[PDB]
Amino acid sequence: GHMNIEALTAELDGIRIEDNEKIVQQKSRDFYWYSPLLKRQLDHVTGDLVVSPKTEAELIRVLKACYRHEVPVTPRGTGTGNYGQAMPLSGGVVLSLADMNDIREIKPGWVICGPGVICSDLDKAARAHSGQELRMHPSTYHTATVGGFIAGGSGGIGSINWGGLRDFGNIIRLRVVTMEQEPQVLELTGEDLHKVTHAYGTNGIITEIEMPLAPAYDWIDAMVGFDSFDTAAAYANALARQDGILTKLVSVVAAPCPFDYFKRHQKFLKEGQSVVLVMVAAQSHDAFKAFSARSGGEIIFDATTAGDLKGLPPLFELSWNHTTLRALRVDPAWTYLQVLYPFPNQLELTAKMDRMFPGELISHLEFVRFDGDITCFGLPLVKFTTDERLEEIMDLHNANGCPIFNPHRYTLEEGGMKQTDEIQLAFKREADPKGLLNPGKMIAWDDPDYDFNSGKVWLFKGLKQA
């Protein structure tokens, strides 16, 4: 690489650039620091400038100039990923897509928009236009971009209904611009768009998204309280299996996390109580109450009876990695794991892991559709002591039937979600022959000897088969 930052800058007159060191540093970091390991390994990473195109034409200008002057390019939505995805390991350009945030079309069942649209802004527009909203969104709803969700996220609120970004149909089309001497526009549909999902921006810049839309309902927050984690998980699993009770969220958070760390909801909680977090559609809420009364589920908070309370976060901001946010805000020693508990043994497996790590781990489940089954993903909190103990806890999950997607890594393959196969490798050669797009994030690109055919359970399995 022969980086020439000065010549790059000269080629971008009319395009917004920022080179202030403090601002570049801030926009070179995400929420990697949720992992004590990443916090140490990536503490010294920073870019050289932030470039913020307003149009696809400006973006093409930027990529063309970066290819010519050999400046690395790391895409950034709003920098809320947890693994260092958007962090520029090699210096160079932080390519912000924040100003490519147009909403172009809203029709019955689908939307076309730019990558920088914030999830809640997209829903606000889809709701006003025709009472529609995203099928799923991360708990970073109000801050995260749709583009970064596709390229760096996996699922979240709404996965209970629709599965994950890993699944056919949850994305319709991705328009992607390559890093070639003449950047190419690709219109990826069918299976081809799934080369880009959760690829950390390593194989092209998403410049337009077509995604399905779902009906916007009056979603009712409710909490259900239990005296043990195992009875909370059994209730949550049963509720998730009620096919006529429409929910958007079914979470399990073990004591002592609710009472210790859900501070604004404390008056509804008590010491020793585990909680199930529920978002239930208004047309299903009476059925939800009747089911809960028949299933041992004491409703300790219900938005329909609590009144118009200000200062209460929505329950989804207590779920997914917002559960982690709340814990580490009070005690910074908390970190987390990412776990699958495979169907049909999720209740047995979550209980065994809960009992295996008393005190040191606090269980946290999110119920989701996964390959057509209802099961749960895990985001258990872990009290950090040493690097070695944290690796050991993950090793023991893997050895006890609970696949780990290691969040204490910053490469695609080590994170356990995006599998590298020959199709993934060939596509990056096509879309980034100089290796300028988010370098360092794909091990197989830097390692000719990499056994990318190893690993067991991949969340985003590769397209190659038979």
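The numbering used is simple: start at 1 and walk along the sequence shown.
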Taking the recorded C-alpha temperature factors, which stretch has the higher mean, 222 to 230 or 181 to 189? 181 to 189
Would 106 to 114 or 274 to 282 have the larger average of its C-alpha temperature factors, as given in the entry? 106 to 114
Candidate set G307, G84, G153, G158 [ranked by C-alpha B-factor, highest]: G307
Which is it among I393, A236, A290, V196: the one with the largest CA B-factor in the entry? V196
Record-listed C-alpha B factor of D243: chain third: lowest
Which third, lowest, middle or highest, does the C-alpha temperature factor of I300 belong to within its own chain? middle
In terms of its chain's C-alpha B-factors, the third that includes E317 is the lowest
Of the three thirds of the chain ranked by Cα temperature factor, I205 occupies the middle
Among the modelled residues of its chain, does the C-alpha B-factor of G91 lie in the lowest, middle or highest third? highest
